[PDB]
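Note sheet for the following structure.
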Amino acid sequence: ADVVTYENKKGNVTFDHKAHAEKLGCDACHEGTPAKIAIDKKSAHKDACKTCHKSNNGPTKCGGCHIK
Ligand code: HEC
Ligand code: HEC
Ligand code: HEC
């Protein structure tokens, strides 16, 4: 939408949608027609959030995405 959170026992991940859309484009996460994704811990840590977020900010194990 514009912002969503993936709630999880860990520490609810609030993820930029709007922001990431304007700064990055769309391509970032959706090539063709969007609809949803559902980024789970798997994809998230593997090839969704993480693949961009490889060498972004100072690494600090976690914290980057989970507000926990
Ligand atoms: C990665 C950082 C994203 C960017 C950049 C954009 N979108 Fe996205 N979108 C993303 C996810 C993870 C999801 C699913 C949310 C969930 O709860 O699993 C979505 C979903 C949409 C949807 C479906 C309706 C909704 O969930 O709001 C649409 C219509 C959509 N996205 C469109 C869209 C467009 C047009 C963007 C580029 C201009 C865009 N998204 C960027 C992740 C990301
Ligand atoms: C590469 C195209 C990206 C993808 C895919 C995701 N993120 Fe991202 N993120 C990206 C950049 C370049 C930035 C900086 C934005 C700016 O305008 O400066 C970010 C930042 C965030 C943040 C804030 C981090 C901070 O420094 O406070 C969050 C919370 C965040 N991103 C979360 C996030 C999640 C959970 C994603 C997967 C759904 C994700 N991002 C993908 C670039 C990219
Ligand atoms: C953004 C680049 C992230 C960083 C930094 C870390 N995590 Fe993450 N995680 C992220 C997302 C978008 C999601 C998907 C939503 C979901 O809840 O599946 C996750 C998910 C997890 C989970 C899920 C809960 C569970 O399986 O118990 C866990 C365990 C988790 N993340 C832990 C975790 C830790 C310990 C981190 C530092 C080593 C960490 N995450 C960083 C996004 C991001």
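Identifiers in the structure tokens: chain A, B, ... in order shown; residue index from 1 per chain; ligand index from 1 in order shown.
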Closest atom pairs, chain A residues within 9 Å of ligand 3, only C-alpha atoms and all ligand atoms, as CSV:
residue,atom,partner,partner_atom_place_in_ligand_line,distance
A:5,CA,ligand 3,15 (C),8.1
A:6,CA,ligand 3,15 (C),4.9
A:7,CA,ligand 3,17 (O),5.9
A:8,CA,ligand 3,17 (O),4.5
A:9,CA,ligand 3,24 (C),5.8
A:10,CA,ligand 3,24 (C),5.1
A:11,CA,ligand 3,30 (C),7.6
A:12,CA,ligand 3,17 (O),6.8
A:13,CA,ligand 3,12 (C),5.6
A:14,CA,ligand 3,12 (C),7.8
A:15,CA,ligand 3,12 (C),7.0
A:38,CA,ligand 3,15 (C),8.2
A:39,CA,ligand 3,14 (C),5.5
A:40,CA,ligand 3,18 (O),3.6
A:41,CA,ligand 3,18 (O),3.5
A:42,CA,ligand 3,18 (O),6.9
A:43,CA,ligand 3,14 (C),7.5
A:44,CA,ligand 3,12 (C),4.6
A:45,CA,ligand 3,43 (C),5.8
A:48,CA,ligand 3,12 (C),7.9
A:49,CA,ligand 3,2 (C),4.9
A:50,CA,ligand 3,2 (C),4.4
A:51,CA,ligand 3,2 (C),8.0
A:52,CA,ligand 3,2 (C),7.9
A:53,CA,ligand 3,2 (C),5.1
A:54,CA,ligand 3,2 (C),7.6
A:56,CA,ligand 3,2 (C),8.9
A:59,CA,ligand 3,5 (C),8.1
A:60,CA,ligand 3,37 (C),7.9
A:61,CA,ligand 3,37 (C),4.6
A:62,CA,ligand 3,37 (C),3.3
A:63,CA,ligand 3,5 (C),5.5
A:64,CA,ligand 3,5 (C),4.1
A:65,CA,ligand 3,1 (C),4.2
A:66,CA,ligand 3,43 (C),5.8
A:68,CA,ligand 3,34 (C),8.6
Mind dumping the selected residues with N, CA, C and O atoms as a short mmCIF file (atom, residue, chain, number, x, y, z; two decimals), in the first residue's frame?
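Writing the result to part-v3.cif gives the following:
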data_model
loop_
_atom_site.label_atom_id
_atom_site.label_comp_id
_atom_site.auth_asym_id
_atom_site.auth_seq_id
_atom_site.Cartn_x
_atom_site.Cartn_y
_atom_site.Cartn_z
N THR A 5 3.11 -3.45 8.01
CA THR A 5 4.01 -4.23 8.82
C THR A 5 3.70 -5.72 8.71
O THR A 5 2.54 -6.12 8.76
N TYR A 6 4.76 -6.53 8.61
CA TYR A 6 4.71 -7.94 8.91
C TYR A 6 4.88 -8.09 10.41
O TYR A 6 5.99 -7.96 10.92
N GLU A 7 3.77 -8.33 11.11
CA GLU A 7 3.83 -8.66 12.52
C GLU A 7 4.44 -10.05 12.71
O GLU A 7 4.10 -10.99 11.99
N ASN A 8 5.35 -10.18 13.67
CA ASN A 8 6.01 -11.44 14.01
C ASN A 8 6.45 -11.39 15.46
O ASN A 8 6.68 -10.31 16.01
N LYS A 9 6.55 -12.57 16.09
CA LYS A 9 6.88 -12.71 17.50
C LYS A 9 8.23 -12.06 17.81
O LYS A 9 8.40 -11.45 18.86
N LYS A 10 9.19 -12.24 16.90
CA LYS A 10 10.44 -11.50 16.86
C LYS A 10 10.18 -10.02 17.22
O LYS A 10 10.74 -9.52 18.20
N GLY A 11 9.45 -9.30 16.38
CA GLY A 11 9.63 -7.87 16.28
C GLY A 11 9.10 -7.37 14.96
O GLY A 11 9.82 -7.37 13.97
N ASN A 12 7.83 -6.97 14.97
CA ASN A 12 7.06 -6.53 13.81
C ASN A 12 7.93 -5.71 12.86
O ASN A 12 8.51 -4.69 13.26
N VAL A 13 8.05 -6.15 11.60
CA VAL A 13 8.82 -5.43 10.59
C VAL A 13 7.87 -4.45 9.94
O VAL A 13 6.99 -4.88 9.19
N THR A 14 8.04 -3.16 10.20
CA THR A 14 7.39 -2.13 9.41
C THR A 14 8.23 -1.97 8.15
O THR A 14 9.44 -1.79 8.26
N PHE A 15 7.61 -2.09 6.98
CA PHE A 15 8.30 -1.92 5.72
C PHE A 15 7.65 -0.79 4.93
O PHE A 15 6.46 -0.83 4.60
N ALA A 38 3.73 -10.97 -0.20
CA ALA A 38 3.87 -11.72 1.04
C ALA A 38 5.32 -12.17 1.19
O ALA A 38 5.69 -13.29 0.83
N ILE A 39 6.15 -11.25 1.69
CA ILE A 39 7.54 -11.50 2.00
C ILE A 39 7.62 -12.08 3.42
O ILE A 39 7.39 -11.37 4.40
N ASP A 40 7.96 -13.36 3.48
CA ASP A 40 8.16 -14.11 4.72
C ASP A 40 9.64 -14.04 5.05
O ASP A 40 10.46 -13.76 4.18
N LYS A 41 9.99 -14.42 6.28
CA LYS A 41 11.35 -14.46 6.80
C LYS A 41 12.34 -15.03 5.79
O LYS A 41 13.41 -14.46 5.59
N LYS A 42 11.95 -16.14 5.16
CA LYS A 42 12.65 -16.78 4.06
C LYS A 42 13.09 -15.73 3.02
O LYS A 42 14.23 -15.27 3.05
N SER A 43 12.19 -15.34 2.12
CA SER A 43 12.45 -14.37 1.07
C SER A 43 13.10 -13.11 1.62
O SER A 43 14.13 -12.66 1.13
N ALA A 44 12.50 -12.56 2.68
CA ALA A 44 12.92 -11.36 3.37
C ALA A 44 14.43 -11.34 3.61
O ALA A 44 15.13 -10.43 3.18
N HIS A 45 14.91 -12.37 4.32
CA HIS A 45 16.30 -12.49 4.70
C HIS A 45 17.16 -12.97 3.53
O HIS A 45 18.39 -12.87 3.64
N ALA A 48 14.58 -10.80 -0.92
CA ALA A 48 13.68 -9.65 -0.98
C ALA A 48 14.34 -8.42 -0.34
O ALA A 48 15.02 -7.66 -1.02
N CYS A 49 14.16 -8.22 0.97
CA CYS A 49 14.74 -7.08 1.65
C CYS A 49 16.26 -7.16 1.61
O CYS A 49 16.96 -6.23 1.19
N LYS A 50 16.79 -8.31 2.04
CA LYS A 50 18.21 -8.48 2.28
C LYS A 50 19.06 -8.17 1.05
O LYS A 50 20.14 -7.63 1.21
N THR A 51 18.64 -8.57 -0.16
CA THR A 51 19.51 -8.49 -1.33
C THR A 51 19.88 -7.04 -1.64
O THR A 51 21.03 -6.74 -1.96
N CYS A 52 18.93 -6.12 -1.49
CA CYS A 52 19.26 -4.70 -1.47
C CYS A 52 20.05 -4.40 -0.21
O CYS A 52 21.15 -3.87 -0.27
N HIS A 53 19.47 -4.76 0.93
CA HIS A 53 20.03 -4.47 2.24
C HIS A 53 21.25 -5.36 2.57
O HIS A 53 21.36 -5.85 3.69
N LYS A 54 22.16 -5.57 1.61
CA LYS A 54 23.43 -6.26 1.83
C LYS A 54 24.41 -5.30 2.51
O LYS A 54 24.88 -5.56 3.61
N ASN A 56 23.95 -1.82 3.02
CA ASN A 56 23.25 -0.59 3.34
C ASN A 56 23.40 -0.35 4.84
O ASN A 56 23.34 -1.31 5.62
N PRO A 59 26.19 -2.35 9.33
CA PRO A 59 25.63 -3.62 9.76
C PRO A 59 25.72 -3.73 11.29
O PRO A 59 26.63 -3.19 11.91
N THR A 60 24.73 -4.38 11.91
CA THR A 60 24.52 -4.37 13.36
C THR A 60 23.71 -5.63 13.72
O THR A 60 22.83 -5.62 14.57
N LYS A 61 24.04 -6.75 13.06
CA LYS A 61 23.26 -7.97 13.04
C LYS A 61 21.82 -7.74 12.56
O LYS A 61 21.49 -8.12 11.43
N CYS A 62 20.98 -7.15 13.40
CA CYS A 62 19.56 -6.97 13.19
C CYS A 62 19.20 -5.48 13.23
O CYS A 62 20.01 -4.63 12.87
N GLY A 63 17.96 -5.16 13.61
CA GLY A 63 17.55 -3.79 13.94
C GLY A 63 17.16 -3.00 12.69
O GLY A 63 16.19 -2.25 12.71
N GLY A 64 17.90 -3.21 11.60
CA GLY A 64 17.70 -2.58 10.30
C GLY A 64 16.24 -2.47 9.84
O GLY A 64 15.88 -1.52 9.15
N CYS A 65 15.42 -3.47 10.17
CA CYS A 65 14.08 -3.66 9.61
C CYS A 65 13.08 -3.94 10.72
O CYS A 65 12.05 -3.29 10.83
N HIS A 66 13.38 -4.93 11.57
CA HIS A 66 12.58 -5.19 12.76
C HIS A 66 12.80 -4.06 13.75
O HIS A 66 13.94 -3.83 14.15
N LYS A 68 12.86 -4.28 16.74
CA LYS A 68 13.07 -5.29 17.78
C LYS A 68 14.20 -6.22 17.29
O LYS A 68 14.05 -6.82 16.20
#
Residues of chain A at most 6 Å from ligand 1: nearest atom pair and distance in Å, only C-alpha atoms and all ligand atoms, as CSV:
residue,atom,partner,partner_atom_place_in_ligand_line,distance
A:1,CA,ligand 1,27 (O),3.0
A:17,CA,ligand 1,4 (C),5.1
A:20,CA,ligand 1,5 (C),4.4
A:21,CA,ligand 1,5 (C),4.0
A:25,CA,ligand 1,37 (C),5.8
A:26,CA,ligand 1,37 (C),3.3
A:28,CA,ligand 1,5 (C),4.9
A:29,CA,ligand 1,1 (C),4.2
A:34,CA,ligand 1,32 (C),4.8
A:35,CA,ligand 1,23 (C),4.2
A:36,CA,ligand 1,20 (C),3.8
A:37,CA,ligand 1,14 (C),4.2
A:38,CA,ligand 1,18 (O),3.2
A:39,CA,ligand 1,12 (C),5.4
N, CA, C and O atoms of the current selection, written as a tab-separated table (two decimals), in the first residue's frame:
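Saved result, selection_36.tsv, follows:
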chain	number	residue	atom	x	y	z
A	1	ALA	N	0.84	-1.21	0.00
A	1	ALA	CA	0.00	0.00	0.00
A	1	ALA	C	0.87	1.25	0.00
A	1	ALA	O	1.35	1.66	-1.06
A	17	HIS	N	6.65	1.04	1.75
A	17	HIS	CA	6.15	0.66	0.44
A	17	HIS	C	6.23	1.90	-0.46
A	17	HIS	O	7.02	1.95	-1.39
A	20	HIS	N	9.85	3.43	-0.55
A	20	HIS	CA	10.68	2.59	-1.40
A	20	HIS	C	10.24	2.74	-2.86
A	20	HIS	O	11.07	2.80	-3.76
A	21	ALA	N	8.94	2.88	-3.09
A	21	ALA	CA	8.45	3.08	-4.44
A	21	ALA	C	9.02	4.37	-5.04
A	21	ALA	O	9.62	4.34	-6.11
A	25	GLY	N	11.72	3.12	-7.29
A	25	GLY	CA	10.98	3.15	-8.53
A	25	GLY	C	9.75	2.26	-8.38
A	25	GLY	O	8.65	2.75	-8.13
A	26	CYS	N	9.95	0.95	-8.52
A	26	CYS	CA	8.90	-0.07	-8.47
A	26	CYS	C	9.53	-1.43	-8.75
A	26	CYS	O	9.40	-2.37	-7.96
A	28	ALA	N	12.36	-2.29	-8.15
A	28	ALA	CA	12.89	-2.68	-6.86
A	28	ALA	C	12.31	-4.01	-6.35
A	28	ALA	O	13.05	-4.86	-5.88
A	29	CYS	N	10.98	-4.14	-6.42
A	29	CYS	CA	10.24	-5.26	-5.85
A	29	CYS	C	9.24	-5.87	-6.84
A	29	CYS	O	8.93	-7.06	-6.73
A	34	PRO	N	1.88	-5.51	-10.24
A	34	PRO	CA	1.83	-5.92	-8.85
A	34	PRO	C	0.44	-6.46	-8.50
A	34	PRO	O	-0.47	-6.44	-9.32
A	35	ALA	N	0.29	-6.93	-7.26
A	35	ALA	CA	-0.93	-7.57	-6.77
A	35	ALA	C	-0.86	-7.83	-5.27
A	35	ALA	O	-1.88	-7.80	-4.59
A	36	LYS	N	0.36	-8.10	-4.77
A	36	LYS	CA	0.75	-8.51	-3.43
A	36	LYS	C	2.14	-9.12	-3.59
A	36	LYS	O	2.59	-9.30	-4.72
A	37	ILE	N	2.80	-9.49	-2.48
A	37	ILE	CA	3.92	-10.42	-2.53
A	37	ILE	C	3.74	-11.46	-1.43
A	37	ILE	O	3.53	-12.64	-1.71
A	38	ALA	N	3.73	-10.97	-0.20
A	38	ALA	CA	3.87	-11.72	1.04
A	38	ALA	C	5.32	-12.17	1.19
A	38	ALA	O	5.69	-13.29	0.83
A	39	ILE	N	6.15	-11.25	1.69
A	39	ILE	CA	7.54	-11.50	2.00
A	39	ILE	C	7.62	-12.08	3.42
A	39	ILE	O	7.39	-11.37	4.40
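If you look at CA of residue 22 (chain A) and CA of residue 57 (chain A), they are 19.3 Å away from each other.
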Running DSSP on the backbone, which parts of region 11-59 of chain A land in helix (DSSP H, G or I), as a PyMOL selection string? chain A and resi 18-24+41-46+49-52
